[PDB]
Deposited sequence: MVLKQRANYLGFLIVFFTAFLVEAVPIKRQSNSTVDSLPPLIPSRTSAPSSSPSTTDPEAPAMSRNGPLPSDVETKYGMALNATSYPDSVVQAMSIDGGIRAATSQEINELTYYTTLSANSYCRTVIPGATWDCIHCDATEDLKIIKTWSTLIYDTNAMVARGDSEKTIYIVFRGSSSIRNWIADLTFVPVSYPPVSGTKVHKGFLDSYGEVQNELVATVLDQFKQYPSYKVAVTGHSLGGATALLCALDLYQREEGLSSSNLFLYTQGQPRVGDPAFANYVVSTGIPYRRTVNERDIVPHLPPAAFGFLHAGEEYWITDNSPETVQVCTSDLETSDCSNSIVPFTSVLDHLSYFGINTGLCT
């Protein structure tokens, strides 16, 4: 089935970006519960540029797709019948999945106006429980020698991969000038990253010019070597983080994980303001500046869209 991994795209390729804030921001209130040392329920706060309106609208669109994937009318229903489905109702839904073991919920859709093939991954069906229960297990990332990722993320993608890639590549063969855009929130953003890499590694026709990744509230996926491999692909990668959202800080960088993907940090919703840390590897200068004063609640809304409950 799957087209083979391409050698030239699987070639093997830093400081801790959270450590300054962990040093500066001091201890949490004793009444604050933590996960991996990051607050679950802190209630306050302890180059760079501001994104433009067009950038914000684009990030909001992909957030909307991510959010709509939690609606059972959309996956497995394959219909656009939900609170924010008016935004995406022109897309043709090609296929959806709800896998058996790892409960990976995903979809492929095509927008002919947009000339875009969309891949969307849902996060967990129980986000609070997912965060609480997260336990990180670094394992070899099989495509690329000398890199590691968390096993559970590989497991989540691997169960849907063979059918999903086959569906995407069929669409791409039929619409060759279309872009392919991958999105997900939370766990779905980790799955989305693995998917974008897989498409890059197996389809010569996809590259930085026509393969895009957008994630919201995405946890760290692998080690610095992995992160450096992701940067080496050149895939446009916009990683959005809402305010004090804990999940982009899990696992903590001190445990040996690192983000790739330019950070788009929402710092205000009135008016919507996004601070962009213009580096391909994460920095100390955006949301990593506020650890450990993180929040589960900031994971549950992006751009005023509820992310994780279809409301």
> What gaps appear when the modelled C-alpha atoms are mapped onto the deposited sequence?
Replying inline: 1 to 36, 50 to 54, 88 to 98
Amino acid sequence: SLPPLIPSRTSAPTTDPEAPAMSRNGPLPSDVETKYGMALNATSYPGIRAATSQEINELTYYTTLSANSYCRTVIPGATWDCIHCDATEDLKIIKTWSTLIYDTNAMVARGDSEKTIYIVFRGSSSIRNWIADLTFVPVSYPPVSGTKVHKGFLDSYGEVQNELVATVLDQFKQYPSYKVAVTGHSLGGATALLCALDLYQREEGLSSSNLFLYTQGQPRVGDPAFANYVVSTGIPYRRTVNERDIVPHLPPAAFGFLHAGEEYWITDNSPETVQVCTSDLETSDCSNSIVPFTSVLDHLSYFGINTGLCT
From here on, numbers count along this sequence of modelled residues.
> Do the CA atoms of 19 to 27 or those of 291 to 299 have the higher mean B-factor in the entry?
Replying inline: 19 to 27
>> Regarding 277 to 285 and 56 to 64, which shows the higher C-alpha temperature factor on average in the entry?
In response: 277 to 285
> Highest CA temperature factor in the entry: which of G189, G158, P236, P76?
Replying inline: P76
> Which one of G217, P142, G123, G146 shows the biggest C-alpha B-factor in the PDB entry?
Replying inline: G146
> Looking at the C-alpha B-factor of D170, is it in the lowest, middle or highest third of its chain?
Replying inline: highest
> What third of the chain, by the recorded C-alpha B-factor, contains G47?
Replying inline: highest
> Among the modelled residues of its chain, does the C-alpha B-factor of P224 lie in the lowest, middle or highest third?
Replying inline: middle
>> What third of the chain does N269 rank in for C-alpha temperature factor, lowest, middle or highest?
In response: highest
>> Based on the deposited C-alpha B factors for this chain, I'd like to know if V247 is in the lowest, middle or highest third.
In response: lowest
